[PDB]
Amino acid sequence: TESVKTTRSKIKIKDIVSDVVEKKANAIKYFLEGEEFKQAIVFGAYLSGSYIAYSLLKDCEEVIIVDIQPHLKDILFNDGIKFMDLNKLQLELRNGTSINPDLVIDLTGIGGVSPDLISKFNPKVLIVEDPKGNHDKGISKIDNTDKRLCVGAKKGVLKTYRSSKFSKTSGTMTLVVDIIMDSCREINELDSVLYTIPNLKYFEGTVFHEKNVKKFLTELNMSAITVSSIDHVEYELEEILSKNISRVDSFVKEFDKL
């Protein structure tokens, strides 16, 4: 009825994803200190990998994205980035001399790249993304980030957290879901709000089970939250979401190896 207002946030799921991936890319940029590289290899195209690889094009002569899933070539939006499936990278490493990266970035996280494969490189810089967020015994047990930091003259660990808030992982998707969930809880406590609905679904399923990157990108193109209320809440909805997005802090911690 006209007694109740329906408000869809201006902030879309893709905007939250964008903000998180840009923070991760800037954390890497800052850590690299403008160094130029002949060949950068980034493992893991989903979800921040695509933009991170794009961000390296400026200072890297060649940027290669490596993924175990060949269909993830569809998540790359720049033809300047070379895509290689994991099997073709492993074959080229053994049979050729074209793979000799000076910059290696592992964004695979839990159950990802093996320290054995990383050990085959001798880069100037190695960055490994730490998938751990706040403390969880099970996640900490399966994590092997420290074992992956086994090569490179300069080593760094990319860490991403939500300041003053709890998140189980540093994964782009998890952080976006957590921002939306925390925002809903606070929005629901605003005076006059009847209900608050997050626009969420199992996005990872669209990418990895349905193998449909286009459909996944379409799914991100929608308001993060829908609110039903008696009073106007547009500024409040924006204040809460924006504050939760601003809490994301990404940085590369240098791992000293003398």
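Residue numbers here begin at 1 and follow the sequence given.
A summary of the deposited B-factors shows that, of 107-115 and 81-89, the stretch with the larger mean C-alpha value is 81-89. The PDB entry records a higher mean C-alpha B factor for 143-151 than for its counterpart among 143-151 and 160-168.
Between the residues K38, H232, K29, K201, it is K38 that shows the highest Cα B-factor in the PDB record. The PDB entry assigns its highest CA temperature factor, among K137, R185, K120, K132, to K120. In the deposited entry, the Cα temperature factor of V42 sits in the middle third of values across the chain's modelled residues.
Ranked within its chain, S55 lands in the highest third, by CA B factor from the PDB record.
Among the modelled residues of the chain, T218 sits in the highest third by CA temperature factor in this PDB entry. Among all modelled residues in this chain, the alpha-carbon of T206 has a temperature factor (C-alpha) in the middle third.
Per-chain ranking of the deposited C-alpha B factor places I75 in the highest third.
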